[PDB]
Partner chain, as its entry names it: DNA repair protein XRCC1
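Just one chain follows, in the form solved without the partner chain, and it is written as structure tokens.
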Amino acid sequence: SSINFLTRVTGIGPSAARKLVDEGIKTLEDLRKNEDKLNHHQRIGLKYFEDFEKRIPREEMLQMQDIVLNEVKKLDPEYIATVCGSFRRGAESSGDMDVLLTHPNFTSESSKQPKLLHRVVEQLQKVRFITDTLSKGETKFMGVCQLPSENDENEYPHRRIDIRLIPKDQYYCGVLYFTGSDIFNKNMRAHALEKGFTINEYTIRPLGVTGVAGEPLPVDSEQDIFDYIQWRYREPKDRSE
């Protein structure tokens, strides 16, 4: 019951919740006066509880996508940025923004490179779009953003945003997977198997002997994946199927 209400503020998983519900912290006013018991993530999660339960309309998603794409293009034109999820498939509303990021200097035959993702985060912070950070990783950022409101804070709830840095050579498989549609990923994958290939969020490999996958085929576009599998390319819009 209260340890269900608690799994609702981001950051607070079931374990975290069993412990806070036992230590007597089981309501929003209780957590609101027990910040010292929470880590940075749960606390920014508590800070915008109400705003993260609000859905984001395509209208605002498109403006947010523009700010991200313009700022990233300025830092370096070779940076490829793709806002994925239901929104890329044309949804009129989204729960958050998931930006997949890559760069030709970064391939899976390379060591860490955190500055490739951090420079963007820092430029989105400086231009006052990323407002807070839940967790900053070397290849992954989960934070929060807000559209420029310019008067008494305006109806711009704070929205959740994720920016992942992917090796260039695994990027279109990542954009395919994360633009999704769960059904679609699951139908495309079964057809791949039937044509002798195994597909996942990173690569497409040819299936040899049995479970033994073989080495990764090259992919410089989503379309390359449909051609390997001999399937008419499906636009993200027709990907419910």
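Residue numbers count along the first chain shown, from 1. The term rigid core refers to the maximal set of C-alpha atoms that superpose within 1.5 Å between the two forms.
Keep in mind that the form solved in complex with the partner chain is not shown, yet the notes after this line are about it.
- With the partner removed from view, the residue among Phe197, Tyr177, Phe52, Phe184 that has a non-hydrogen atom within 4.5 Å of the partner chain in the deposited bound form turns out to be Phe197.
- None of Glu35, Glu29, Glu215, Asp66 but one reaches within 4.5 angstroms of the partner chain in the deposited bound form through a heavy atom, and that residue is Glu215.
- By the criterion of a heavy atom within 4.5 Å, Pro57 is excluded from the residues contacting the partner chain in the deposited bound form.
- Using a 4.5 Å cutoff between non-hydrogen atoms, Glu23 does not count as a contact of the partner chain in the deposited bound form.
- The partner chain in the deposited bound form comes within 4.5 Å of a heavy atom belonging to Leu207.
- Contact check for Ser15: every heavy atom lies farther than 4.5 Å from the partner chain in the deposited bound form.
- Core-superposed comparison between the shown form and the other one: the C-alpha position of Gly208 differs by less than 2 Å.
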